[PDB]
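Reading through the structure tokens given below for one structure.
Each ligand, and each atom within it, is numbered from 1 in the order the structure gives. Residue numbers start from 1 in every chain, and the chains themselves are labelled A, B, ... in the order their sequence lines are given, proteins ahead of strands. Just so you know, these numbers use all the heavy atoms, side chains as well, and skip hydrogens, waters and symmetry mates.
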Protein chains: 2
Amino acid sequence: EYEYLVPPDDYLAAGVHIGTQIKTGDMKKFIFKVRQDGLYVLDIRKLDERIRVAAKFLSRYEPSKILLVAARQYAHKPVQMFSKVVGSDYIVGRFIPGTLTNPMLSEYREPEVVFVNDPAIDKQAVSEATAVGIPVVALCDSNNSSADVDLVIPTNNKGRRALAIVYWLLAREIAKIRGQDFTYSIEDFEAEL
Amino acid sequence: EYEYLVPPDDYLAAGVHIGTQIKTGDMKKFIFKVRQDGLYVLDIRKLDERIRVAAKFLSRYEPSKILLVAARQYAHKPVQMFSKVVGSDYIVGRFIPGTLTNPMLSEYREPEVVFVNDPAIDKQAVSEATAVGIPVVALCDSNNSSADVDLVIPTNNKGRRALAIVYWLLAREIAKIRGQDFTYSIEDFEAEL
Ligand code: NA
Ligand code: NA
Ligand code: NA
Ligand code: NA
Ligand code: NA
């Protein structure tokens, strides 16, 4: 029996397994099945394994050197709350071109690892981080595919609740490794509306 | 404008870009093109970027906590030479089931990261590492596909010289990150005839 970070039903209730109508070759290994309504379903066993791995991966960096990126609206709150807990830097909303490549921009930063919400939406950040040799972690849905993403977290990266539980779990596990008290609830990470 | 770790011609002479007659969905994003003879060609730009990232990541671990695994014969020497330089542990030849999951087994170890030569050949190690939450790094050829590999290094992982230059580069970059002198030639890493 596999031991999940949370009861399996919690993952399903959050809709992390709900993909899109599109499947990429890169994501096939994470797709459990395709629903009759054409929607692809992600493997929660794989998601759980990847969240654990990502938490360990990220705990190998000093907090301030971690940069989270997310233009997608429902990801802003989860990203900011994750940062509140982990101590990572973040950029939500429009990512300004040159933020990682132009030392003269006021927004310029030099993180050692970049974590984006969606490689398609946050493509500018992914491309720049890769051009500068910075490892890229990313949430990838069935429709995503990027040769520039180094560490993948296969999950619904669009749903309000799905994003809340994933960022919440990542922050929770990183805090555990760090021996930092964490009492936040999934609701605390969830975007309004 | 990209800057390779070594003259591009060196990568080609080693045949790292030469894949097999098969292409998985997992590897599609790394395939540059398909040759006249049916052989898929890997993207050396991505390989170079990935070797750089893997070296950085691995240098984030106490060397003794890194475990290299390789049953494939042409990978033994490269793996042993990499370990000589890096200080990592390794298991070449048959990987005994239970090595990462059975504490009573004499060969039992608790590495913090596992790096295998081929996820199909070294599937036992990949499966066990994943089952215990240990991040998995792997060399993946066009024919490979594994949801259990966390960090991928897209390259020919069968060729004698292909393996020598890849392990050589990784070791060189890790030593460089440490400052450790590195005077080995690619030949010093190549399996004998
Ligand atoms: Na989705
Ligand atoms: Na990248
Ligand atoms: Na707690
Ligand atoms: Na090959
Ligand atoms: Na794994």
Carefully, step by step, assess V137(A) and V116(A) under the rule side-chain contact (heavy atoms from CB on, under 4.5 Å). CA-CA 6 Å; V137(A) 179; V116(A) 306; over 6 Å; no
For the Na ion (ligand 2), which protein N/O/S atoms fall under 3.0 Å? Skip waters.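 You should have found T130(A) OG1, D148(A) O, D150(A) OD2.
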For the Na ion (ligand 1): protein N/O/S atoms at distances below 3.0 Å: 2
Give a yes or no on whether a salt bridge exists between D43(B) and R45(B), defined as a side-chain N under 4.0 angstrom from a carboxylate O. no
For a quick test of reading the model, state the closest non-hydrogen atom pair linking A125(A) to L100(A) and the distance between them.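 Scanning both residues completely, I find the closest heavy atoms to be O-CD1, 3.9 Å.
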For residues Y61(B) and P135(B), report the shortest heavy-atom separation together with the two atoms involved.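 Where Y61(B) meets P135(B) most closely, the heavy atoms are OH-CG, 4.3 Å.
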Candidates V126(A), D122(A), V136(A) - the one meeting side-chain contact (heavy atoms from CB on, under 4.5 Å) with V69(A): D122(A)
Do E190(A) and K77(A) pass the salt bridge (charged side-chain N to carboxylate O under 4.0 Å, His left out) test, and can you show the C-alpha distance, the side-chain angles, and the key distance before you say yes or no? CA-CA 6 Å; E190(A) 187 163 38; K77(A) 178 71 174 297; over 6 Å; no
Just checking, is any N or O donor in the side chain of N144(A) or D26(A) under 3.5 Å from an acceptor N or O on the other one? no
Verify the distance criterion only: is there a donor paired with an acceptor across the side chains of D48(B) and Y11(B) at less than 3.5 Å?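 The answer is yes; a qualifying pair exists.
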How about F115(A) and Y167(A): are their ring centroids closer than 6.0 Å?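 Between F115(A) and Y167(A), the centre distance is under 6.0 Å.
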